[PDB]
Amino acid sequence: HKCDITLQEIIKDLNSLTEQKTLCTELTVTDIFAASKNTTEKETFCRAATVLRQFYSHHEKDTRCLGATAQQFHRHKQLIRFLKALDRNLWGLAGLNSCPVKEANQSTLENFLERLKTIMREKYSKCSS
C-alpha cells in the first residue's frame, strides 16, 4: 500500500505539471507546507488533495487562465487535466475526505507543486534500495 506505484503516477503528474507554465501557475494555494509537521502521511495527502481541488475548481473557467492563443488554451486545459489526475491519485493515497487545512501562508501553485514533488520523491526513495 505505502510503497505502491501510485507514488510513481503522482511523480509523473508532478513532472509534467512543473515543466509547464501557464498564465495561472503564479496564482496561489494555501501553503500546507508552512505547517510545523503535525500530521500523518494520510493527512498530508488529503491536505494536498484538498488545496489542489480548490485550485482547479476555481481556475478551470477563470478568465485570467483560459488563454488568448490556441497554445495558451491548450496549456490551460493540460494543466487542469494533470491537476485532476494528480488529485485523483492523492485522494486514493490519502484514504481520507475530511482534513481541515489551517495555514494562512499562500504560495504560488508553482512553488507548491515543486515542494510536493520533493516530498513525493523522498517517499519513493525511502521505499526503494
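When you see a residue number, it is the position in the sequence shown, counting from 1.
Inset, instruction - Could you check the entry and say whether 72 to 80 or 54 to 62 has the higher mean CA B-factor? - result: Higher mean C-alpha B-factor: 54 to 62.
Inset, instruction - On mean C-alpha B-factor from the PDB entry, just flag whether 23 to 31 or 97 to 105 is the higher one. - result: So the stretch with the higher mean C-alpha B-factor is 97 to 105.
Inset, instruction - Taking the values exactly as deposited, rank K42 by C-alpha B-factor within its chain and report the matching third: lowest, middle or highest. - result: As the PDB entry reports it, the C-alpha B-factor of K42 lands in the highest third of its chain.
Legend entry - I11 - which third its CA temperature factor falls in, relative to the rest of the chain: CA B-factor rank for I11: middle third.
Inset, instruction - Give the position of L116 by CA B-factor within its chain, expressed as the lowest, middle or highest third. - result: Its C-alpha B-factor belongs to the middle third of this chain's values.
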